[PDB]
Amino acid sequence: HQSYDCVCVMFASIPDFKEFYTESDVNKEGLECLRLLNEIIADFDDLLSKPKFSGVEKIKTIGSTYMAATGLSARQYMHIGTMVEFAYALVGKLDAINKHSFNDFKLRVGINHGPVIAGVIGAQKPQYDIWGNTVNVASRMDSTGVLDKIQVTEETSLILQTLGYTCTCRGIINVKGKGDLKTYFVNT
C-alpha cells in the first residue's frame, strides 16, 4: 500500500439516531431499529451505482456515520466538486426515508482533501481504509458541524469557490492536534 495527494474525504452522520435507538420486548431488543439503519445505509449505497458517482468509493460505515472518498482513481479538482453533489444526494435519499418512516432525520457532513494513504490493516482481516491527517480533519468537520449543511475547510472552501459554489464562514474550530482554524458551510 501507498500514499497520495489529492483525495477528498467525506463523513456524513445522522445524529438524530443515537436517541431513536430503543431496546424493548416490542422492538426486538433493538433490532427493528438496526432494520431501519439497514434500509437507509442501503438506500445510500444505491447511490454508488449511479453513473455520475462512478468515481465515489465508500470506505466503511461507523455506527450510523457514512464514510466515502473521491480521488483514488488517479479540471483536476473535479473530484471534490463531485463528492459534494454526492453528499447532497444522500439528503434526497434521506428525505425519502423520513417520508415513509414518519420521521425527521437531518444529515451531518464533514468534507476535506489532501495527503492520505490507502492500504490494508492487520493480516487477520485485511481491510481497505484510509489514514492521514487529511482524514482526521474531515471527521472534525463532521463531529463539529451542523444538521443539514456541509462544513468544509479553508483550503477546500476556495477550491469549491472555484467551481460555481458559494460559501459562508462558520468561524474558528479547535483540532486537538492542529490548534484552531477557519471553517465553512456551503450554501444550497
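Between two forms, the rigid core is defined as the largest C-alpha subset superposing within 1.5 Å. A residue's number is simply how far along the shown sequence it sits, counting from 1.
- With every structure aligned by its rigid core, 24-32 is the stretch of 40-48 and 24-32 whose CA positions lie farther away in 8 other deposited structures of this protein.
- Per the record, residue 74 and residue 75 are separated by 10 or more deposited residues that have no coordinates.
- Note on 119-127 vs 132-140: mean CA B-factor is higher in 119-127.
- Look at the C-alpha B-factors of 102-110 and of 75-83. On average they run higher in 75-83.
- Sort the chain's modelled residues by C-alpha temperature factor and residue 39 lands in the lowest third, per the entry.
- Split the chain's modelled residues into thirds by C-alpha temperature factor. Residue 163 is in the highest one.
- In the PDB entry, residue 2 places in the middle third of its chain by CA B-factor.
- The entry lists a Cα temperature factor for residue 63 that places it in the lowest third of the chain's modelled residues.
- Residue 174: CA B factor in the highest third of modelled residues in this chain (values from the PDB entry).
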